[PDB]
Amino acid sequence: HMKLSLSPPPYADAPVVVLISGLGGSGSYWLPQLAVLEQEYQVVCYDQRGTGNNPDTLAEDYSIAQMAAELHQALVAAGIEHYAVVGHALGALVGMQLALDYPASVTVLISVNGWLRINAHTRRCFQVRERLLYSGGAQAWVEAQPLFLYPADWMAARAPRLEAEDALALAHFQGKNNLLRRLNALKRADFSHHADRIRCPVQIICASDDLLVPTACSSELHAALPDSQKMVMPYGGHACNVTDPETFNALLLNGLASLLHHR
């Protein structure tokens, strides 16, 4: 079913790296990582089901299990049976789910500002953001969204870009139904008792100034996982790969190479 964006391999049989975005679901989230990653890997990006170019009306029972299954089956269908996963936030949860359900496929896993189970803090954030959704629709959602993603100074020095992104986010808004189904799936994901079984090498990347997910979630992940390394960026926010790609990209390239080689 699901459309995937496969980059050209830089050389024969380059290892595959699948990039999994967070709640916005969009493959284009990873734009500032694509050039460096395509230099070494066959990169896969995609829009998650119910978002972007994979529109759908998501069902009531929609789960992270299903999200993993959808991506994994699309990959197998594209001829990809072994792959690395780099996941952002919700995308890290899908990555963990893939490492649990398809351990013969997932080579290594990178979690960017992910978590074992949703923190009270992140719930509080989503309670505020749901309130905006219900009272002010897509416009109010999009208005608040970057305040959870980017540092203030980063955003404030980039008004023309924020304006263009705010217009894009509203025009490509995934809709109330799918957002609420995906949020539900997000909140219910709980890997705290399954982290043992995630046996592939794992890199945990987080930013100290992430407003949406406290880095204590990454510390929790790191304590629970059998084979993980944790790197903390001092700044950059939840969307730390967007705001400081120079630091992020160096952690990602070294991390991927390290994890594939300890495997």
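So that there is no doubt, residue numbering starts at 1 and follows the sequence shown.
Colleague: Comparing average C-alpha B factors as deposited, tell me which of 89-97 and 182-190 sits higher.
Modeller: Mean B over CA atoms: larger for 182-190.
Colleague: Can you let me know which of the two, 16-24 or 250-258, has the higher average C-alpha B-factor in the entry?
Modeller: Comparing 16-24 with 250-258, the higher mean C-alpha B-factor belongs to 250-258.
Colleague: Considering only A140, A104, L162, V112, which residue's Cα atom bears the greatest B-factor as recorded?
Modeller: Most elevated C-alpha B-factor of the set, per the entry: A104.
Colleague: Highest Cα temperature factor in the entry, among the options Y46, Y235, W30, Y62: which one is it?
Modeller: The C-alpha B-factor peaks, among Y46, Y235, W30, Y62, at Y62.
Colleague: Using the B-factor values recorded in the entry, state whether the Cα atom of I205 falls in the lowest, middle or highest third among the modelled residues of its chain.
Modeller: Ranked within chain, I205 CA B lands in the lowest tercile.
Colleague: Would you check the entry's CA temperature factor for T122 and let me know if it's in the chain's lowest, middle or highest third?
Modeller: Lowest third - that is where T122 ends up once the chain's C-alpha B-factors are sorted.
Colleague: Can you tell me which third, lowest, middle or highest, the CA B-factor of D153 falls into for its chain?
Modeller: Tercile = lowest for this residue's CA B-factor.
Colleague: Would you please rank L225 by its C-alpha temperature factor against the other modelled residues of its chain and give the third it falls in: lowest, middle or highest?
Modeller: Top third by C-alpha B-factor.
Colleague: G79: which third of its chain by C-alpha temperature factor?
Modeller: Its C-alpha B-factor belongs to the highest third of this chain's values.
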